[PDB]
Amino acid sequence: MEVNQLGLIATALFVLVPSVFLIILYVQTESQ
Amino acid sequence: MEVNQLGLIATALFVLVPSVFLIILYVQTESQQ
Amino acid sequence: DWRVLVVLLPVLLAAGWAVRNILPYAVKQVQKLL
Amino acid sequence: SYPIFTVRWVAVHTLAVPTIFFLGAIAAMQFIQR
Amino acid sequence: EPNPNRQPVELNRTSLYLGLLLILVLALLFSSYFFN
Amino acid sequence: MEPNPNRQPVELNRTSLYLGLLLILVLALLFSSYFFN
Amino acid sequence: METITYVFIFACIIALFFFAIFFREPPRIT
Amino acid sequence: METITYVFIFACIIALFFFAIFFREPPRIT
Amino acid sequence: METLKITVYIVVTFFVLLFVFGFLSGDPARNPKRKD
Amino acid sequence: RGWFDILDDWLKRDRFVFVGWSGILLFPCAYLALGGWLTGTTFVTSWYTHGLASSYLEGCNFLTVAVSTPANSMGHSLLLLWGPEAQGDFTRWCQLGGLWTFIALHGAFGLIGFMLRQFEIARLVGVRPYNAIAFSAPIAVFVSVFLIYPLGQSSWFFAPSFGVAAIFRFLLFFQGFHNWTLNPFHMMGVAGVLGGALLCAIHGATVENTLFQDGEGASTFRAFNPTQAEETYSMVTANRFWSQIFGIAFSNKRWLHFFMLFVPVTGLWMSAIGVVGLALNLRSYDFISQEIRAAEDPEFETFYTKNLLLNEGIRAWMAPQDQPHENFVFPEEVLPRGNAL
Amino acid sequence: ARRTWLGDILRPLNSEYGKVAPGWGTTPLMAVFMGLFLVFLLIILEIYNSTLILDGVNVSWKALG
Amino acid sequence: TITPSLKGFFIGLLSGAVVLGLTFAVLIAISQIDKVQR
Amino acid sequence: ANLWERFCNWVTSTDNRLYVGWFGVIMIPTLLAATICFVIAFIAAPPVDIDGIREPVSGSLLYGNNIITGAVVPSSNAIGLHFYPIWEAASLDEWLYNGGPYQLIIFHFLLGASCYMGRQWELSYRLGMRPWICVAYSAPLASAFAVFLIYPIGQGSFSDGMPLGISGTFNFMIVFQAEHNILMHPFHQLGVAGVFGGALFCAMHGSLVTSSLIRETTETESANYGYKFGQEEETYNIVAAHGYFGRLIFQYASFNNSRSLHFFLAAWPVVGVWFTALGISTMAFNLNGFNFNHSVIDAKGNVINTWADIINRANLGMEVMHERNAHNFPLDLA
Amino acid sequence: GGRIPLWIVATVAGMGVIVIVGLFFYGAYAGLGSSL
Amino acid sequence: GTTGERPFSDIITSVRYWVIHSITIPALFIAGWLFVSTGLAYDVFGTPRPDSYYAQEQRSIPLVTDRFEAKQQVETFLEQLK
Ligand code: CLA
Ligand code: CLA
Ligand SMILES: C=Cc1c(C)c2cc3nc(c4c5[nH]c(cc6nc(cc1[nH]2)C(C)=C6CC)c(C)c5C(=O)[C@@H]4C(=O)OC)[C@@H](CCC(=O)OC/C=C(\C)CCC[C@H](C)CCC[C@H](C)CCCC(C)C)[C@@H]3C
Ligand SMILES: CC(C)=CCC/C(C)=C/CC/C(C)=C\CC/C(C)=C/CC/C(C)=C/CC/C(C)=C/CC/C(C)=C/CC/C(C)=C\CC/C(C)=C/CC1=CC(=O)C(C)=C(C)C1=O
Ligand SMILES: CCCCCCCCCCCCCCCC(=O)OC[C@H](COP(=O)(O)OC[C@@H](O)CO)OC(=O)CCCCCCCCCCCCCCC
Ligand SMILES: CCCCCCCCCCCCCCCC(=O)OC[C@H](COP(=O)(O)OC[C@@H](O)CO)OC(=O)CCCCCCCCCCCCCCC
Ligand SMILES: CC1=C(/C=C/C(C)=C/C=C/C(C)=C/C=C/C=C(C)/C=C/C=C(C)/C=C/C2=C(C)CCCC2(C)C)C(C)(C)CCC1
Ligand SMILES: CCCCCCCCCCCCCCCCCC(=O)O
Ligand code: OEX
Ligand SMILES: [Cl-]
Ligand SMILES: [Cl-]
Ligand SMILES: [Fe+2]
């Protein structure tokens with residue numbers, strides 16, 4: 001299927017960047 | 001130039017995953033103090 | 001062949017000469033080993 | 001009273017004896033002609 | 001000379017679970033449109 | 001049942017963060033050309 | 001690559017369900 | 001896309017230099 | 001191009017004069033022990 | 001109080017040259033590797049394996065003598081003296097290249113010996129075994145280059161030959177055939193070796209120029225005593241200098257000295273990995289995107305294409321005499337050459 | 001610590017921690033088998049290497065017929 | 001049957017045994033004579 | 001309150017986060033110029049006719065390079081050793097075609113690096129240190145002078161100076177080998193011994209000190225926390241480390257004077273790198289590596305090749321191929 | 001014990017090296033390996 | 001400080017030392033010399049003499065091209081000089 005090649009990076013970053021934000025916030029919450 | 005299309009994501013993850021790992025550990029070290 | 005003793009003669013003579021000059025104190029050392 | 005024949009004695013002569021012999025062989029070589 | 005306005009920030013574990021769920025479901029919804 | 005006695009805190013000081021980010025960025029800079037090829 | 005991507009995200013969600021249920025913040029009575 | 005990537009990484013390294021220098025852990029004596 | 005040339009001559013001259021005059025302004029004396 | 005403990009007692013006596021249990025392996029093997037090299041470079045030819053003179057006896061000097069690899073037709077034969085190739089004849093053994101395997105293999109077990117010795121002495125003296133750990137890099141380099149690399153190739157013939165100029169030829173072979181300068185594992189090795197030498201010089205220079213005045217002499221070496229408690233140079237002043245000069249400085253003496261271990265050891269390990277790749281001809285030879293463009297666009301030129309033209313010259317001008325078993329005959333008209341030269 | 005049925009059954013197999021046979025025990029016998037195993041590996045290596053050639057042992061792909 | 005290379009193998013193997021045993025015989029000898037005083 | 005004296009006080013202040021100083025008054029602008037021009041040219045400069053033959057070589061990212069292949073390309077052989085500032089070009093277009101940026105960058109950089117070395121002297125004096133760290137830096141500095149200025153002066157062209165790029169560097173070192181046989185030159189051999197040895201002794205020293213650290217910590221903490229910045233006591237035990245290394249070799253091959261030791265560490269690589277910089281600087285005037293080409297012949301007169309003749313076959317293939325369109329006459333005399 | 005003084009042993013050893021290495025460089029120009 | 005061996009600087013300034021070694025050192029030098037001057041070094045190691053790299057009207061290298069016949073091949077080449 002001739003899908004958009006940038007679709008992968010866009011989906012990958014879409015998940016990763018905000019998920020990592022939350023994980024950072026959460027781990028430093030537990031360690032205090 | 002006709003470059004390997006997957007080079008971008010390989011490079012993005014190569015940078016992002018190990019950096020994010022270090023940032024996570026740094027920030028929770030700071031909040032211990 | 002003959003070239004082997006020619007080469008080897010100075011080595012024996014040399015070790016013979018050392019054996020005779022040192023022997024007195026080599027005897028002593030060995031005795032001190034109990 | 002020092003010993004004469006030691007492990008040190010052997011290490012030394014294990015290197016020095018062939019070295020001088022090899023230096024002699026190599027000096028002769030400077031006089032080989034083609 | 002430390003600034004007195006600094007505050008710590010918090011994300012509890014339930015908020016992490018809710019947040020990760022929001023992002024993953026958004027990714028699942030929008031990914032088909034990104035690939036087109 | 002007791003909670004686990006073997007748990008420990010982990011640390012990464014700020015200097016180790018800088019050193020590690022530098023390592024990763026330089027590695028990326030070096031290898032990226034081979035990934036694009 | 002898009003099939004893999006869709007299945008991946010779905011699989012992550014199922015794992016989140018597991019942790020959300022079995023490793024919740026236990027609710028307690030203060 | 002590859003030019004953008006190369007320059008982006010180099011730019012991050014320069015920004016890191018700035019924080020490494022001016023926002024280091026200050027060395028404190030004894 | 002000449003505006004450029006002249007601008008660079010002046011910039012370079014200015015900096016080289018700072019350098020010469022700075023090291024002539026008592027530099028041996030700017031140390032933490034014996035100042036003269 | 002049996003024989004094993006008595007022998008242990010004796011191997012571990014404090015003497016001018018410590019022996020140890022590791023000495024049993026080390027000292028025979030080191031002395032034989034080293035004697036094989038000296039013997040071969042003084043007396044032994046490479047005429048039948050390489051078509052090369054390679055000993056002082058033949059007219060070579062210190063830069064051109066070598067113990068050269070066996071003929072390609074030996075494959076990876078261990079070339080034991082008593083094996084089916086030399087059949088116990090010492091002279092033919094020398095002529096077939098048996099001294100190369102002799103030196104390589106005794107050399108490898110000597111290197112093991114030596115690292116066991118660093119372990120053995122470290123344990124007796126009561127210190128941590130980091131010197132041994134560091135020496136793992138030299139071992140990785142030796143085995144990957146002298147053993148793993150020729151084992152992936154057709155024969156020991158393409159291993160490095162033990163000689164100054166011979167190793168230069170190995171450098172140039174790797175350029176022309178493997179484009180090894182383009183290999184990022186070599187590049188990390190370059191950074192670790194050049195980073196090591198930098199760190200060595202800059203650390204020495206710093207200690208020597210932040211010395212404490214601890215004597216009255218113009219020679220500052222006298223004013224040190226190995227059992228003094230006090231640091232002999234100022235880490236505080238050193239740290240200030242470099243912070244102001246370079247932006248950042250070491251502040252932890254322990255990290256400093258660990259990093260001096262870390263940097264060159266890691267670089268050597270990285271270069272070993274890339275050589276393992278080259279054992280398989282798994283080269284970082286090309287960039288595909290560059291080749292596609294250049295094939296279509298004859299005005300497109302980079303230092304990358306210019307270097308492959310040089311490689312292609314290296315291969316065609318050196319292969320006939322460097323790989324004689326292949327009987328390459330390149331008529332003049334097929335040699336790549338630019339204008340005039 | 002928690003006891004479990006399976007734990008109670010396996011208990012005897014993790015109950016002799018620290019127990020040694022005195023002195024050198026079987027070490028000389030271990031040494032013998034070490035020695036045999038080395039010669040055994042030597043033979044195997046040298047056959048693969050074609051340093052040891054044996055009647056009827058053709059170390060080639062053509063030993064599949 | 002015992003091919004020439006199997007013969008060399010044993011030659012190689014006996015020589016190693018000799019060199020190794022000879023080595024250890026000498027080392028045990030000397031260690032016995034020149035003991036540490038405790 | 002005097003204005004000049006206040007400015008002098010700030011230039012030479014030891015309270016600035018980065019020391020400026022009189023050497024810095026020249027270093028700061030020259031290095032900023034060289035850096036800004038380098039980055040712009042690496043990313044966007046158009047192809048440069050390095051060898052003067054109207055055969056332009058593309059060095060920048062936007063013109064189809066990656067990090068490994070990219071370079072600021074040396075200035076045109078048509079220019080030779082002529083000074084080629086911007087204001088000597090009829091336009092920026094011309095200046096870019098002919099390699100002007102290379103000259104701007106290397107002259108600014110060599111000046112700024114020279115001043116970097118002086119700045120190292122200067123702050124040492126303001127801090128009351130001993131002065132010779134800069135002498136250590138003169139080794140890398142002399143090496144950059146050799147490949148950017150000296151070798152061009154002797155060969156007559158900045159087009160034979162070292163490209164400012166990764167593959168460009170390798171091109172320079174392959175061509176150097178074909179034209180000078182640098183590997184058979186003893187000053188490059190001392191350079192290899194300086195750099196190999198420096199890495200050896202770096203690892204040695206780091207491993208011996210790390211090996212004799214005094215237990216100050218538990219197994220759950222980095223040992224690095226056993227040393228506190230500015231403590232007076234040494235943090236390792238040099239006598240235990242001397243006693244380990246003296247036994248690994250023999251006693252009198254080991255240092256127990258820490259001053260002698262660190263001087264050894266300073267001097268070995270610095271001196272090796274002096275020699276290899278001097279190697280490039282003297283191969284600039286074509287005093288080349290040893291030539292044993294056909295030095296061994298037999299009783300009849302047949303040539304008996306050695307490993308040097310094999311090196312020569314490789315050197316030939318580099319020679320005949322390099323700058324393949326640039327030679328009209330049979331000897332590459334420069 | 002300490003009869004033959006050390007400086008004299010150093011000088012004689014020293015010249016003995018100079019002589020051997022001298023002969024080795026002389027042989028670079030004579031005989032085998034001299035290109036002639 | 002010391003492990004009880006006699007110091008080297010004591011040994012080499014001692015008269016007995018040089019009494020032995022003024023004989024042993026030259027004798028070894030002359031032995032190595034004779035090893036070469038007699039031609040014995042050539043024959044032990046198989047190194048070609050200047051007149052025996054090639055045969056008179058030959059310019060092929062006598063290169064070993066067989067593993068298990070290699071010893072025989074060298075002998076063949078060597079006969080082609082006799
Ligand atoms: C610790 C010392 C040491 C080590 C590790 C080695 C290792 C090696 N040597 Mg070196 N060598 C040594 C000392 C050593 N050598 C010494 C001291 C000398 C001078 C005498 C030599 C001279 C030498 C030569 C001349 C050659 C080697 C070769 C070799 C290789 C082959 C060895 C082999 O196949 O052995 C096989 C034997 C063994 C592994 C010994 C095993 C014995 C076991 C433990 C017992 C088995 C039972 C026994 C046989 C029972 C007796 C039966 C009898 C009653 C009939 C190997 C790399 C060869 C080489 O380098 O090839 C290129 C070669 O040609 N060595
Ligand atoms: C800026 C220039 C530069 C630098 C710094 C390096 C740096 C390096 N190169 Mg690269 N190289 C370069 C340019 C450069 N290279 C170029 C232009 C080429 C051409 C393509 C190459 C081609 C090249 C090849 C072909 C190889 C390297 C290798 C290496 C590594 C060598 C490691 C080492 O010390 O091995 C030295 C050897 C050891 C450390 C092994 C063991 C040594 C033992 C302990 C010896 C003990 C001696 C004993 C006591 C007896 C001594 C006595 C005797 C001397 C008389 C290192 C990362 C090697 C590599 O990557 O290996 C993995 C390798 O094979 N280089
Ligand atoms: C060419 C470069 C080079 C050489 C010559 C070299 C040499 C040495 N390094 C040693 C050590 C070290 N090397 C270290 C790090 C490094 N070493 C490096 C590079 C080298 N290291 C690099 C780059 C590093 C940085 C990671 C450490 C950390 C150590 C040590 O602790 C140790 C030491 O004590 O240093 C003072 C010594 C080990 C002595 C030994 O094993 O004796 C026994 C001798 C044996 C076993 C013989 C081996 C024979 C070899 C393998 C094959 C034959 C070689 C021929 C005889 C000669 C060939 C010559 C031609 C090729 C030209 C020895 C002086
Ligand atoms: C027919 C028959 C049977 C034949 C006979 C064959 C036969 C039987 C053989 C067997 C013979 C036998 C049994 C054995 C005896 C053989 C024998 C003696 C073997 C010789 C082996 C040999 C080749 C040994 C290798 C020699 C070796 C490589 C030594 C080199 C020395 C060397 C270069 C050392 C480096 C030292 C240096 C100059 C500087 C110091 C390094 C450095 C700066 C370290 C940093 C540092 C140092 C400190 O010091 C401390 C404190 C600290 C803090 C610190 O940072
Ligand atoms: C005139 C101005 C001078 C120009 C300044 C330029 C800044 C350059 C310095 C680097 C800043 C980043 C340091 C990182 C991280 C940093 O902050 O670490 C700081 C660190 C502090 O060490 P301490 O001893 O304080 O740390 C001990 C403990 O904290 C251990 O956890 O120092 C070192 O480790 C130095 C050794 C690494 C030195 C690495 C330098 C390599 C630089 C080259 C990178 C080039 C790649 C470029 C490719 C594009
Ligand atoms: C340039 C690099 C080296 C820098 C210099 C070294 C540091 C100097 C030493 C510090 C204290 C002494 C100051 C000067 C004093 C000093 O250094 O004198 C050198 C030393 C003098 O010792 P003596 O025993 O003669 O006497 C003790 C004297 O120190 C008192 O005058 O002599 C030797 O070491 C002889 C060397 C040949 C030894 C042959 C060894 C056999 C080789 C065996 C194989 C090696 C082992 C294998 C390894 C695996
Ligand atoms: C192989 C073999 C073997 C062994 C052998 C041996 C072990 C040998 C040894 C040998 C030896 C052991 C040798 C030696 C030699 C030496 C030499 C050859 C030296 C020289 C040196 C020099 C030349 C130097 C000089 C100098 C200079 C140049 C400068 C600086 C200073 C000086 C003075 C140092 C056997 C029998 C087992 C059998 C099998 C085979
Ligand atoms: C582990 C230690 C191993 C020691 C190996 C030392 C080997 C000693 C060398 C003996 C070589 C004799 C071979 C010559 C006779 C062979 C004749 C034949 O092939 O039938
Ligand atoms: O430019 Mn660069 O390179 Ca020194 O030679 Mn002539 O020129 Mn070119 O050719 Mn070869
Ligand atoms: Cl070119
Ligand atoms: Cl021309
Ligand atoms: Fe240090």
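Whatever order the structure lists them in is the order used to number ligands and atoms, beginning at 1. Values below: every heavy atom of this structure, side chains too, minus hydrogens, waters and symmetry copies. All chains are named by letter (A, B, ...) in the order of the sequence lines, taking the proteins before the strands, and each is independently numbered beginning at 1.
When atom types are taken as modelled, the side chain of J:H76 and the backbone of J:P150 share a donor-acceptor pair closer than 3.5 angstrom. A donor-acceptor distance shorter than 3.5 angstrom exists from the side chain of J:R315 to the backbone of J:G176, with no hydrogens or angles considered. For the pair M:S167 (side chain) and M:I68 (backbone), a donor-acceptor distance under 3.5 Å is present. A donor-acceptor distance shorter than 3.5 angstrom exists from the side chain of J:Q95 to the backbone of O:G46, with no hydrogens or angles considered.
In terms of protein heavy atoms, atom 10 (Mn) of ligand 9 is closest to M:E179 OE2, 1.8 Å. At the top of the distance list for atom 7 (O) of ligand 9, counting protein heavy atoms only, stands M:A334 O, 3.0 Å.
Within the structure, salt bridge (charged side-chain N to carboxylate O under 4.0 Å, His left out) pairs that include any residue of residues 67-88 of chain J comprise J:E85-O:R67 (at least two apart or interchain).
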Per-pair distances, ligand 1 N/O vs protein N/O, less than 3.5 Å:
residue	atom	partner	partner atom	Å
ligand 1	9 (N)	J:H106	NE2	2.9
ligand 1	15 (N)	J:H106	NE2	3.2
ligand 1	64 (O)	J:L81	N	2.9
ligand 1	65 (N)	J:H106	NE2	3.2

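Here the side chains of O:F45 and J:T39 are in contact, with some heavy-atom distance below 4.5 Å.
For the salt bridge (charged side-chain N to carboxylate O under 4.0 Å, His left out) test, residues two or more places apart in sequence or in another chain that qualify with J:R293 are J:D297.
Between M:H180 and the choices M:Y151, M:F187, M:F285, M:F172, the ring pair (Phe, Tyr, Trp, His ring centres under 6.0 Å) rule is met once, by M:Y151.
For M:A178, no heavy-atom contact with ligand 9 is shorter than 4.0 Å.
For a threshold of 3.5 Å applied to N or O pairs, the pair formed by M:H327 and ligand 9 contains at least one separation below that value.
Side chains of M:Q177 and M:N181: a donor on one and an acceptor on the other come within 3.5 Å.
Listed by chain and number, the protein atoms of type N/O/S under 2.8 Å from atom 2 (Mn) of ligand 9 are M:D160 OD1, M:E323 OE2; waters are omitted.
Under a 4.0 Å N-O distance rule, the pair M:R324/J:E312 does not qualify as a salt bridge.
Between M:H327 and M:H322, the ring center distance clears the sub-6.0 Å criterion.
Atom OD2 is the N/O/S atom of M:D332 found closest to atom 10 (Mn) of ligand 9.
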